[PDB]
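Chains as they are written, first to last, in the entry's author numbering: chain I, 1 to 26; chain T, 1 to 28; chain K, 10 to 46; chain Z, 2 to 61; chain E, 8 to 84; chain A, 10 to 344; chain y, 19 to 46; chain C, 14 to 445; chain F, 8 to 45; chain D, 12 to 352.
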Amino acid sequence: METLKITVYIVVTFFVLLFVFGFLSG
Amino acid sequence: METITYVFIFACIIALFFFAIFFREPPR
Amino acid sequence: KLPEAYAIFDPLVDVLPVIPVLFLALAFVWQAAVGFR
Amino acid sequence: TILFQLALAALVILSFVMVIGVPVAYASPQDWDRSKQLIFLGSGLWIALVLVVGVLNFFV
Amino acid sequence: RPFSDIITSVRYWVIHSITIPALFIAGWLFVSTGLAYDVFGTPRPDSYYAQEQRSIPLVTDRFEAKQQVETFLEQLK
Amino acid sequence: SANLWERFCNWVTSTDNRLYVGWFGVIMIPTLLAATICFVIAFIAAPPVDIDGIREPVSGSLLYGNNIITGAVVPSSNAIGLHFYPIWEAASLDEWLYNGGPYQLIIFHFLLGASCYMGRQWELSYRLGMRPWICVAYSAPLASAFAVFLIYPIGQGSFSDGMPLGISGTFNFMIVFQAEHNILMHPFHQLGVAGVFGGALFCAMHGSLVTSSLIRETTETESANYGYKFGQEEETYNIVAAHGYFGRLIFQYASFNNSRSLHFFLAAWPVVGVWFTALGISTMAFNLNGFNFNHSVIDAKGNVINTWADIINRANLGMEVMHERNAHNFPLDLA
Amino acid sequence: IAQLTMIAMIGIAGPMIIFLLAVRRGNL
Amino acid sequence: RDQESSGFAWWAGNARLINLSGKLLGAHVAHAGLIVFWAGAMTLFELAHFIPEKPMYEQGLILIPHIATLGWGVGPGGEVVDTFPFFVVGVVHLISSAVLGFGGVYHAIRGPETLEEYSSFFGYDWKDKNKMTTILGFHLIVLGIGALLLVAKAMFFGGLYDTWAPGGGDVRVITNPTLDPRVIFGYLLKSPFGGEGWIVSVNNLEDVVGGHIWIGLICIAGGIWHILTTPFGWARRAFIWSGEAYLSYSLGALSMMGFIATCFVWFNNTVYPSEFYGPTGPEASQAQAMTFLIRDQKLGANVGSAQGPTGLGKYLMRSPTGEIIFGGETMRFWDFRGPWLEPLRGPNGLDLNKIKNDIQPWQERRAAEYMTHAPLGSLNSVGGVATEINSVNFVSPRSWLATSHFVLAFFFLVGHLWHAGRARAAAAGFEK
Amino acid sequence: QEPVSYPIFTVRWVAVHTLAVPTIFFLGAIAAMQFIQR
Amino acid sequence: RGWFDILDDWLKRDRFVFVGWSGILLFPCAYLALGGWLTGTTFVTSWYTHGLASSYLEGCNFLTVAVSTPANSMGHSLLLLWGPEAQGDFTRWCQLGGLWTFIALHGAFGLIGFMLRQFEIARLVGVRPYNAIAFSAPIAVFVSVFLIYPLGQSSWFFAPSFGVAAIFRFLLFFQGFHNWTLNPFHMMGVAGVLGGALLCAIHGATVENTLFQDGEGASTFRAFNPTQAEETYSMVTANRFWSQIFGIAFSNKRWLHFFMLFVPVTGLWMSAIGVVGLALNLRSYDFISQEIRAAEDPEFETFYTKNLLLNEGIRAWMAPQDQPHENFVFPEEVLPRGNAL
Ligand code: CLA
Ligand code: CLA
Ligand code: CLA
Ligand code: CLA
Ligand code: CLA
Ligand code: CLA
Ligand SMILES: C=Cc1c(C)c2cc3nc(c4c5[nH]c(cc6nc(cc1[nH]2)C(C)=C6CC)c(C)c5C(=O)[C@@H]4C(=O)OC)[C@@H](CCC(=O)OC/C=C(\C)CCC[C@@H](C)CCC[C@H](C)CCCC(C)C)[C@@H]3C
Ligand SMILES: CC1=C(/C=C/C(C)=C/C=C/C(C)=C/C=C/C=C(C)/C=C/C=C(C)/C=C/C2=C(C)CCCC2(C)C)C(C)(C)CCC1
Ligand SMILES: CC1=C(/C=C/C(C)=C/C=C/C(C)=C/C=C/C=C(C)/C=C/C=C(C)/C=C/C2=C(C)CCCC2(C)C)C(C)(C)CCC1
Ligand SMILES: CC1=C(/C=C/C(C)=C/C=C/C(C)=C/C=C/C=C(C)/C=C/C=C(C)/C=C/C2=C(C)CCCC2(C)C)C(C)(C)CCC1
Ligand SMILES: CC1=C(/C=C/C(C)=C/C=C/C(C)=C/C=C/C=C(C)/C=C/C=C(C)/C=C/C2=C(C)CCCC2(C)C)C(C)(C)CCC1
Ligand SMILES: [Cl-]
Ligand SMILES: [Fe+3]
Ligand SMILES: [Mn+2]
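So this is what it looks like as structure tokens:
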């Protein structure tokens, strides 16, 4: 149940990282 | 029997969505 | 309440805050007088 | 007091006449030398009136 | 004639500069002497009720509506 | 072979695919997938939801004996307030579902997704070399989305006052909102209504005028694209009747005789209307209400003469006394 | 007292300071 | 100029002032005149209708409360002991108006048209980056010094109105700023969700003045930095250095801080004391419950251990954290803190013994007074909801400030979008 | 086209004149209503 | 030529305002309809038909004036000035609500004259008259609400009055006594009208941003104002945009512009069908199954059951003064209240 808390932090930072390392590659 | 009808007709609408996007006429 | 020697001007102060609005109006009659650039 | 009243009225009539004198003098280029001159004198009067009327407020 | 030079003609001035105030002042006098309260049957600003009773008027018939409301008007209701 | 980072970065930023996927899309897809999937499961089978904090839940699910016109996703309980309330903020799942967490999950995911949708519209227009500001038109529904799901709850201080996600839920929200803030007499909703009736009117008119004018259009078409000359025939005569009546006033109101402004006016009217009414609900969250006319007319004996607005204020009392169960002595309230 | 004369003259001061630029040639 | 040659109308006439330097600054200072004019004049007007024997929010003032909060003309308990300082700030703002306006008129009719041909120090142009980073660097230094005027006023010159001193507030001198970054910058690391609200949870003047030390010091630092720097390559590559893009960036920032000002004035009761501005929204509901609790046990007996008719307690219930809180709708607030509520709080939340016998007359009158002054209002300007009869004209300043700044922030958002789109068109033009 | 002759009685003349005299009369009445003492 | 032919060609001159055969029905009727509203919302009372005030002469502002309906005892009467109720007295005629009918009937024939005007104008220029057909959605609404609905009620007193607050009242009235939001035909009206506003915004924006002549100066020299536009944008850039954003787009300009016409019109027509159904007080008020399930288990609670309680409230607290001819007196112990459940 806090493994799920941990998991949600991990999997969403992963997506915003795709978005902004693509927006700087342009 | 009523709840079944609701979800069935909805299931049909999303299948309609799928076909109208990926299997539409060629523009001729 | 206002000072007791300043009470003659008691009605005067009451149209002061409105003055900026009237500038917008002034700035229009100036354009009316010039016949509209 | 009495002098406070007459000077406080003096400030009002002075500020009134200066406020219509300034833009008219500036708009027009004719005889602007003597115009700048009496703007200087009137602004000087005005910034004198303000602190004298200020201090005589305290002898009310 | 067009409405692009219609209030620039000497005709506009000579007539309207007198007829406008006349009928405007007529419209003022209509209310100012209280004639409107008698033409459309508006009740005066303190004749909404009689002093006889404090009920509101409502006409409960259609072919005797006329004399019913005349009866209400009689007592200042 | 082309270094998988560029294969990924090419495949995403491609304008050759069936549906565009953007850099905003990379955020739009999981948030919308969460919101949609949680909504289907919740509209069917969400357990009853205590929404007032009195331990009396409100049903909202088809399997619990509702049809779809009486179903809704029921907002979170009155104990939550503005608190963030994810799964791991509950110590078990059944108290999470009892407290109406699913609603909060849905509405946050949807709001994120909507902004990303606006963003992706700007991005494809930039990519195809188009003009921008189709998204500026799209900010009107986003603004009302914001007002009714985020701003109005923050002003009232709880996510239990938000609009339920349902048919009868939406109408219940409307009724209890009119009761306390009297919005018909608020001008910003009036500019909104004007925009919507006007939008429908101008939609109808534009359709009818163009669809009689066009005779036939044609373009040559090949085996995967469109042709070289987009050809059309339209009629180009008219009578002084319509020119003197309708034409003189659209050209005077555009303050331009170009008919370029026609479609411009077409875009602007509903959007602006809906902006102002979106302002209405926002400012009403801070307890600034519409007009009330009470005892406008009294006679000179001190007795009130009723107006057509007093009938409305009576219905406001009617709805409002039923919408407090809290005490008999509710003196001065909200907030 | 004269505290309507002030509020009168300050509101009619508007067009006056336009009108004087018309004669002395600041702008027509 | 004075006939069309730019492609502008008379209703877009302000667009001719971009390549005019003198006229542009002249517009700015002439407008600044009107701004300080409303300041001085609205305060005089508002004092001529201010009775210093009645609470301020009952009569609806919006400027004199700010002045009262700064230790000028107030006493301990939010009562106004003199009104002369208010008069002073009114007249002085009004006289500075004349000199700002005179400079504006001069620089718009007589002052030069281009400043770049007398000195290029008073000159500027929009592509010459070095001048504008220097002008920006100048302004940051003096705004930082301006920010430090508040902590000067706090520390030496009579101090501010601390509302959390005992006795229901007191004006005192402040002697201790918080110089610990872990306390200060922790606010920017707080959630923007209930229970906090991110900067909007400051509950002591000490954090406020320590923060103003930090603001002043980084603003002076950054000003000194921009005088002694020309922008670097990544900086230049990212942004437009066109004329109207700067106006765009400015609009865009104002929008956000308008939303931030709205949250601030509607929730915070520390830096806007609630005894010059009206009571806060959460404060009114909490007062309504607590004043009834105290009131009913004096007649009947304690029923904050008693159960009610709903299934839950008559006046007290449990939050999901095991803290004893007020019950009713007003269970939606329990993160509230007010000066008149803290001495009745114990460790387990509200402690019932303290309601029984720790009450002071001043707390009770404050709560009982605030219940009937809940923030509500109407555009036809009577208090209450749209059901009550006219006997009250009250509508709280908090609502007015918030709703004004909310609508202006929205309008400024679209203004940002307009000017940003136009800066982009101009850039996309000239890149070829 | 539509060249000007058009004496006193025309269509546009009666159009402005059946919207002119009651509007100005009504502003004359709506004005006197403001200075009623009720 | 005969006099008829001379009359006919006098009526169809090119001139600023078009008179026409249709003009003869439109213009007097329109003038008298409109002007009756004005003269009545400025002077005519309703102290005798409802017990209200509703005109400027009495005190009221722009939102709270109205020309109000007759009393309930008048039946479905025409309310002729020469009828056997007024008997040739302009005062009683004003007092009995007689001019509500005047306005209503003259405005109805003004509507008829306008649609005929659209036909013969369109006949003159020789185009298809779709806009005359579109305009029968407003006629449907008008006649189903302002004429047919109270003709199913017992009197014209339950008709809506011409005024802002009076029709705000109509909204709350229908909400309380018919629960009109829960009627599928009004839902279909809402879908239609909102969809019209949707198409309007989307089309304007799409067209304004696919303009030709974004670079070199206009290679378009006409309009030709009666064409509206459609020449000034590229169908292919917009169609290509919306195929990727939304996944479906129009590829035929004529069918797009027909959809925009179909949507609001079918919308108005359906809501008309529903309200002519309310005229015999046949109401989709309640789901029978939900009522049974709530009777047998009284811990069941729905957003719908709340709406019913609220509407009970609207009726009970609004009735005595909205129907002051019934003489409702409710002791306060019989009215409904939240704290009493
Ligand atoms: C008489 C007719 C009438 C009319 C024409 C209107 C018109 C309006 N009212 Mg209403 N209203 C009326 C009577 C009326 N009202 C009465 C009598 C009451 C009193 C009970 C009210 C009470 C009322 C309230 C309380 C509110 C309104 C609001 C609104 C408006 C807001 C703008 C809008 O449409 O947002 C529509 C709003 C949206 C949020 C829609 C956009 C949704 C998004 C972005 C969805 C996109 C994703 C989608 C679901 C996925 C599609 C997928 C699919 C294609 C596959 C609109 C102006 C609302 C308003 O101002 O809102 C801000 C509001 O709060 N009204
Ligand atoms: C407020 C006015 C102001 C303005 C207009 C500028 C303008 C600029 N500065 Mg600057 N600066 C300022 C104040 C200002 N400064 C202050 C007060 C300091 C002192 C600390 C600095 C120190 C500084 C340095 C040292 C340098 C600049 C640089 C720059 C420029 C180049 C771009 C750059 O570095 O991007 C940087 C990136 C950004 C601006 C984007 C990121 C911004 C942040 C911090 C976002 C954080 C958001 C946060 C997470 C949100 C939380 C929300 C919450 C609710 C959850 C730009 C010309 C450089 C330059 O060339 O100057 C000539 C350079 O060398 N700045
Ligand atoms: C307060 C807001 C404001 C301000 C500060 C300005 C400022 C400016 N506008 Mg302006 N403008 C505004 C609102 C404002 N505008 C509005 C609302 C409109 C729409 C009608 C315009 C329309 C507009 C146009 C059409 C033009 C400008 C131009 C200009 C400027 C150029 C200099 C010039 O040619 O002066 C010319 C000025 C004069 C010939 C005479 C000015 C008369 C003055 C200032 C008298 C004021 C007296 C005061 C009431 C009493 C004394 C007070 C004193 C003692 C303190 C000036 C800097 C002009 C421009 O671009 O010029 C290149 C131009 O032609 N603007
Ligand atoms: C606060 C900062 C600020 C500043 C300094 C500027 C500066 C500028 N803007 Mg603005 N603008 C702003 C905010 C700002 N803007 C906001 C917040 C909005 C959105 C609502 C706009 C919307 C806007 C438009 C749409 C345009 C400009 C343009 C311009 C520039 C050129 C000429 C022009 O239109 O003159 C300014 C115009 C006037 C002074 C004329 C005013 C006339 C009327 C009648 C409008 C307002 C009436 C209002 C409803 C009355 C009630 C107000 C109520 C709140 C009490 C100019 C110098 C123009 C531009 O970029 O040209 C390329 C252009 O077309 N501006
Ligand atoms: C933008 C910020 C702002 C805010 C928050 C306020 C807020 C306030 N002003 Mg104000 N004011 C401002 C700007 C502002 N003003 C400016 C720029 C001016 C110069 C024009 C003034 C001029 C001014 C005057 C002349 C007066 C106030 C007064 C007051 C208030 C005092 C309490 C009171 O009597 O309440 C009740 C408030 C009122 C009776 C004022 C009018 C209220 C409204 C909302 C009427 C709107 C009518 C409108 C035509 C139709 C609906 C809205 C429309 C936008 C659609 C209220 C708190 C009044 C006062 O007594 O101060 C001591 C008063 O008479 N102010
Ligand atoms: C807030 C911004 C501001 C700014 C940046 C300026 C800037 C300017 N003003 Mg000023 N001015 C303003 C507000 C402002 N003013 C206000 C509020 C008023 C009303 C009092 C005036 C009154 C005013 C007057 C009376 C005069 C100016 C003049 C000037 C300059 C004209 C160029 C020249 O020939 O200088 C040549 C002359 C000088 C540089 C000497 C100036 C002495 C002054 C007034 C200020 C002293 C400032 C400071 C303490 C010392 C700076 C030192 C320097 C090395 C940087 C300069 C561009 C002067 C000018 O010649 O205009 C054509 C002039 O005589 N302005
Ligand atoms: C309340 C909403 C609403 C209003 C106010 C309205 C108004 C109008 N629609 C018209 C047209 C149209 N409306 C159309 C579709 C629609 N109209 C809709 C909704 C509305 N349409 C909707 C939703 C649609 C979409 C289907 C079309 C397609 C047309 C047109 O082509 C036509 C037009 O010309 O548009 C420019 C105009 C006809 C002018 C004319 O010559 O009338 C003649 C009418 C006369 C002489 C009598 C009218 C009735 C009277 C006297 C009684 C009503 C009450 C009075 C006005 C008193 C005031 C009442 C208070 C409540 C304010 C007019 C501006
Ligand atoms: C110093 C002083 C003072 C002064 C003041 C002043 C400075 C004043 C001025 C004022 C002004 C500054 C004024 C002006 C005014 C203006 C006007 C009043 C105008 C109006 C407008 C008009 C009327 C017009 C309008 C229009 C037109 C024409 C057209 C259409 C549109 C419109 C509607 C806009 C005082 C007194 C305070 C005292 C203390 C000291
Ligand atoms: C540029 C321009 C413009 C504008 C201008 C301006 C805006 C200016 C300024 C103005 C202003 C800004 C004005 C005002 C000023 C101020 C004043 C005028 C004041 C004075 C005061 C006094 C003198 C005081 C007195 C006193 C004292 C000291 C104490 C006791 C009390 C008393 C009150 C007595 C326009 C748009 C038109 C046009 C275009 C251009
Ligand atoms: C701590 C404290 C304090 C201080 C405060 C402060 C100083 C604050 C600040 C605040 C802030 C400072 C915030 C932030 C803002 C900003 C933002 C939030 C934004 C940025 C930007 C961005 C992020 C970008 C975006 C974008 C992109 C990404 C792409 C393109 C487009 C654009 C550009 C739009 C005091 C004293 C009170 C006391 C207590 C504590
Ligand atoms: C019923 C009847 C009849 C007929 C009558 C008539 C037809 C009447 C008319 C009437 C009329 C026809 C009237 C009119 C009125 C008007 C009015 C009511 C007006 C209002 C006003 C306005 C529209 C304006 C306003 C304004 C504006 C817009 C802007 C600013 C300024 C002002 C505010 C001024 C007869 C003989 C058969 C007999 C039986 C009964
Ligand atoms: Cl409810
Ligand atoms: Fe179109
Ligand atoms: Mn609530």
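Backbone N, C-alpha and C fix where the C-beta goes; we use that ideal spot for every residue, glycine too.
Per DSSP, reduced to three states, the secondary structure at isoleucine 259 of chain D is coil, with no helix or strand assignment. DSSP, reduced to helix, strand and coil, places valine 313 of chain A within a strand of the structure shown. Against chain y, a Cβ distance below 9 angstroms from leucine 31 of chain K picks out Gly29, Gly32. DSSP places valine 30 of chain K inside the alpha helix (DSSP H), whose first and last residues are 28 to 42.
Relative to ligand 9, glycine 215 of chain D has its C-beta separated by 7 angstroms or more from all heavy atoms. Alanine 156 of chain A has its Cβ nearer than 7 angstroms to a heavy atom of ligand 1.
Look at the region 161 to 172 of chain D: it has no residue with a C-beta under 8 angstroms from a C-beta of chain T. CA-CA distance, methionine 384 of chain C to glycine 397 of chain C, rounds to 12 angstroms. Taking C-beta atoms as the reference points, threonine 221 of chain D and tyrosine 244 of chain D count as a pair closer than 8 angstroms. Exclusion of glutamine 199 of chain A from the 7 angstroms shell around ligand 14 follows from its C-beta lying no nearer than that to any non-hydrogen atom of the ligand. At a cut-off of 8 angstroms between C-beta atoms, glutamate 25 of chain T does not count as an interface residue with respect to chain A. For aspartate 61 of chain A, no Cβ of chain E is located within less than 8 angstroms of the residue's own Cβ. Among the residues of chain y, those whose CB is under 9 angstroms from the CB of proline 20 of chain K are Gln21, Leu22, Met24, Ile25, following chain order. For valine 83 of chain A, the Cβ stays outside the 7 angstroms cut-off from all heavy atoms of ligand 12. In chain order, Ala294, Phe295 place their CB closer than 7 angstroms to the CB of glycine 164 of chain A, counting only its own chain and leaving out the 5 sequence neighbours on each side. Listed by position along the chain, the residues with Cβ atoms less than 7 angstroms from a non-hydrogen atom of ligand 14 are A:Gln165, A:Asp170, A:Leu343. Here DSSP, grouped into helix, strand and coil, assigns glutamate 312 of chain D to coil. Judged by their CB atoms, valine 157 of chain A and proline 111 of chain A are not nearer to each other than the 8 angstroms cut-off.
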